[PDB]
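Residue numbers (UniProt numbering), protein chains in the order written: chain P, 4 to 53; chain S, 106 to 230; chain L, 683 to 876; chain V, 312 to 378, 384 to 412; chain H, 975 to 1022; chain F, 4 to 109, 118 to 138; chain Z, 5 to 72, 85 to 107; chain Y, 585 to 633.
These notes concern the structure reproduced below.
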Amino acid sequence: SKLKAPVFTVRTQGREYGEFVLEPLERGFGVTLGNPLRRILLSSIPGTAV
Amino acid sequence: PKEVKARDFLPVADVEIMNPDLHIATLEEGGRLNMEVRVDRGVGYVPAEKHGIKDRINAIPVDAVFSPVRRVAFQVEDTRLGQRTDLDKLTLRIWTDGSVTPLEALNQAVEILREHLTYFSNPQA
Amino acid sequence: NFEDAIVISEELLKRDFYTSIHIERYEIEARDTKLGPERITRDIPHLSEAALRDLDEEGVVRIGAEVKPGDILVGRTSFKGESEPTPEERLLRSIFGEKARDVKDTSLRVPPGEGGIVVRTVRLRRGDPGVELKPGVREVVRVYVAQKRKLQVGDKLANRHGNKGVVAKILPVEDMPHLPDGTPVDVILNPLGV
Amino acid sequence: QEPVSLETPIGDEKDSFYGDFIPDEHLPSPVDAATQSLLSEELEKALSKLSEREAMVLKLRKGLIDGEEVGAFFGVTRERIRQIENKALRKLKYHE
Amino acid sequence: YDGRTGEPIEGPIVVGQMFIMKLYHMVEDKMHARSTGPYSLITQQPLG
Amino acid sequence: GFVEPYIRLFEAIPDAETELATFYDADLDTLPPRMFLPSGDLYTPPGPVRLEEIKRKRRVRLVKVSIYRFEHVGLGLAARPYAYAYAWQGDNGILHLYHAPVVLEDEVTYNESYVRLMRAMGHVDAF
Amino acid sequence: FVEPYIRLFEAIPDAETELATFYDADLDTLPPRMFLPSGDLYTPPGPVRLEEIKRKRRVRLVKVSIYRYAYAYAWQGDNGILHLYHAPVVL
Amino acid sequence: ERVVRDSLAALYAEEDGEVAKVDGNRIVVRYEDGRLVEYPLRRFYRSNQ
């Protein structure tokens, strides 16, 4: 379980788009991370606009 | 003639039966009951099928439900605090069998989560 | 929960709910032959000690042993077929340790499919004490084998109102629909079935 | 009981023929020709190596027609057939 | 509430206690898979 | 002292309510019964065997099996103690070995044809 | 002088349970109970070191080296108790 | 209720009374009329299907 220490791998092209893959993860943890990580990404990230 | 409860187990040093009034089983006269149960520490749900545990060859492995969490409810209520109204006041509620306490478990959980965020450490290929 | 499929909370298994016992029942005969009588015993020839551990001294699997498809339930030994060759062999019987012939193993194996644990054996032996054994039949043996059958995926469930469905997914308690108070539902039926 | 015909309804008398139900085991069916080849020759070797009266007695009494000791002897005592039979076997098995 | 998001389900949903049963059709009597094996003697199509 | 774990293994055979079996006390005089290794492999002896019974149940028993090799001396052969092994014996006389046999470190004759016959029916190792 | 004890060891009841942990005794630690094939207690002139040869789930075979000096083959259970297959051979 | 009743699934007392003994194996009762009855139980039996 521990040695199964996941592999954070990435495909990043330019500054506009990125694919981030992380496996393997225990039963139903993908959602446990992905869902609240997205909730952060979409609201509480710091920026500027008109 | 007895109603065997869980308290009727022999005491063991660093163990606490949480469940003393648990109705193990019901003896009448000249009823004889004698057994050795094996408790283990472990994680999640593990049938007897999977783990197949026997100390002796008249044992019967039993299904393990380890998680000492009975139910978990978050609650998300508007708190107008000071300036803005749309703030969340989160109070989550935890139910435990007593083996661990709610608090203990909540902290173990946060730790599991943080540690899981640590897996976004070094990228690759 | 597509076209009639049904989804389940793992919680039903932890609190042994949709779990049912089932008892199969295996049977074998010690028929009696032109080549000589078959016999129910422990010492089958070409078998590894490992395969024999669970058989009692008579060659019947012992109560409360876990039996896998391919295991022996009942050891039975028949003589070599193509009959008793009088002209040369008859003499050999005298010549050499009379009964030193040859005997192959024709036992009772748990079939592909399965069994579980042996719960009950029945022997119906010669000097037949109230029994109508067939002509040729020396005794018969039945071994009863049970299994606790939890609700695996692929099973069938249905309500009284005639909702045939298959169990198609077992969700962990954690990620399946729960009321405000942390109480989750146990099963998830498609409305499209109505 | 004779050999039964190969085509009979089995079980539920619907459409099964009793060739359906029986698998295959072995083609060579070995240990037949080679064994007989060694067998009858060695048998005959020791058969010949003792007095032909004794050998031949239950050679053909047990292996050229049928089963008899009452009728065994051409014409001697039941005692003598018994006797020389046994002793013949004995010397035949283990020569001193 | 969804289990996995914690967001609610955008529309209320009927729930309740339902009597439901486990039928004779479990998946033991049911799943086979042949590679190779025996074959009938007159007709050489397989059996087990 | 070697005897006792094999005792242990014997009595650990589960019982059954049955009548008693008459065992095949094999000897130099008779056919060595079929012998098998714990691996279910057939073991072919070099000659006949003698059996020393140590324990018995109703239908099976434990024996010390003395394995004899044949040796040429005057008009055929004589049986010489060659090796030994513990085994249990079922009612069909078949000897089931609790291990590979122990090779032993270093006025009766038998017929050539006798051993021929044993070669043929296969309870003898040629050479 | 070792193979006969491989045979005597492999004669022990293969009882499939979890793999036990055997106490790998050392000069650093106590010597454990040691018994001769008779069941008699043999007490050593110092501590002992072990070399594991074979292992089942609940028992293993070891060569026991005795310092003060000598050696002996034995089997060890999950009680660590050394059961010798013979009285120690003095070097 | 009437279905488990009319089928012979269950076991029902024959008279008013009291219970004497209760094994997993059988039950024993003491009735008004003086009787005391043993009812053994179908401990774990296999069914046609």
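Backbone N, C-alpha and C fix where the C-beta goes; we use that ideal spot for every residue, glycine too.
Item	Value
CB contact flag (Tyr101 of chain Z, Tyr9 of chain Z, <8 angstroms)	yes
Distance, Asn95 of chain Z Cα to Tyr150 of chain S Cα	31 angstroms
Partners in chain L for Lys407 of chain V, counting only beta-carbon separations shorter than 8 angstroms	The contacting residues do not exist; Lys407 of chain V stays about 13 angstroms from chain L at best.
Chain L contact for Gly322 of chain V (CB, 8 angstroms cutoff)	no
Proximal residues of chain F, C-beta to C-beta of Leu350 of chain V below 7 angstroms	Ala131
For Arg53 of chain F, the residue or residues it bridges with in DSSP	F:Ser69
Secondary structure, beta strand (DSSP E): runs of 3+ residues fully inside the stretch 816-843 of chain L	819-831 and 838-841
Straight-line Cα distance separating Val177 of chain S from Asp863 of chain L	8 angstroms
Contact with chain Y by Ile705 of chain L, beta-carbon distance below 8 angstroms	yes
Cutoff 7 angstroms; reference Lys58 of chain Z; Cβ partners in own chain excluding five residues on either side	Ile10, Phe13, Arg64 and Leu65
Residue burial classification, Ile690 of chain L (beta-carbon count within 10 angstroms, cutoff 16)	buried
CB of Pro727 of chain L within 8 angstroms of CB of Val792 of chain L, strictly	no
Whole-Å CB distance - residue 637 of chain Y paired with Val588 of chain Y, under 8 angstroms assumed	The requested residue 637 of chain Y does not occur in the structure, where chain Y is confined to residues 585 to 633.
DSSP three-state assignment for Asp590 of chain Y, whether helix, strand or coil	helix
Stretch pair the stretch 129-136 of chain F + the stretch 48-55 of chain F: three plus CB contacts closer than 8 angstroms	yes
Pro84 of chain F, enclosing beta strand (DSSP E) - first and last residue	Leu80 to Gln92
Own chain, CB closer than 8 angstroms to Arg372 of chain V, minus 5 neighbours either side, in chain order	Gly378, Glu384 and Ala388
Backbone CA spacing between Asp857 of chain L and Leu115 of chain S [nearest angstrom]	39 angstroms
Nearest residue (CA-CA) to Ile165 of chain S, options S:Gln188, S:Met140, S:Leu222 and S:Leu186	S:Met140
Per-residue contacts from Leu773 of chain L into chain H (C-beta, under 7 angstroms)	Per Cβ cutoff of 7 angstroms: no residues; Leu773 of chain L is ~35 angstroms from chain H at best.
Stretch-stretch touch, CB-based, cutoff 8 angstroms, three pairs: the stretch 755-767 of chain L with the stretch 705-725 of chain L	yes
Beta-ladder partner(s) of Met38 of chain F, from DSSP	F:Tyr46 and F:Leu98
Close beta carbons around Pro866 of chain L, own chain, < 8 angstroms, minus the five adjacent residues each side	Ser691, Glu693, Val855, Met858, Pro859 and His860
DSSP beta-bridge partners of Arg791 of chain L	L:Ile754
Below-8 angstroms beta-carbon distance, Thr723 of chain L vs any chain F residue	yes
Beta-ladder partner(s) of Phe761 of chain L, from DSSP	L:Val785
Distance between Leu98 of chain F and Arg62 of chain F (C-alpha atoms, nearest Å)	13 angstroms
Interfacial residues, the stretch 989-1022 of chain H to chain V, with Cβ spacing under 8 angstroms	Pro1012, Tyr1013, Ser1014, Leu1015, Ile1016, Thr1017 and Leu1021
Contact check, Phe778 of chain L vs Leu107 of chain F, beta carbons under 8 angstroms	no
Within chain F, the residues that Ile57 of chain Z reaches when beta carbons sit closer than 9 angstroms	Per Cβ cutoff of 9 angstroms: no residues; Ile57 of chain Z is ~17 angstroms from chain F at best.
Complete runs of the alpha helix (DSSP H) confined to the stretch 119-203 of chain S [at least 4 residues]	153-156
Residue of L:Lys696, L:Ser730 and L:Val743 minimising C-alpha distance to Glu154 of chain S	L:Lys696
Cutoff 8 angstroms; reference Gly608 of chain Y; Cβ partners in own chain excluding five residues on either side	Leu625 and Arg627
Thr25 of chain Z at chain S interface by Cβ criterion, 8 angstroms	no
Interface residues of chain L facing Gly977 of chain H [CB-CB closer than 9 angstroms]	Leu853, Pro854, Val855, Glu856, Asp857, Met858, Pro859, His860 and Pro866
Per DSSP, cross-strand counterpart(s) of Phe23 of chain P	P:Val13
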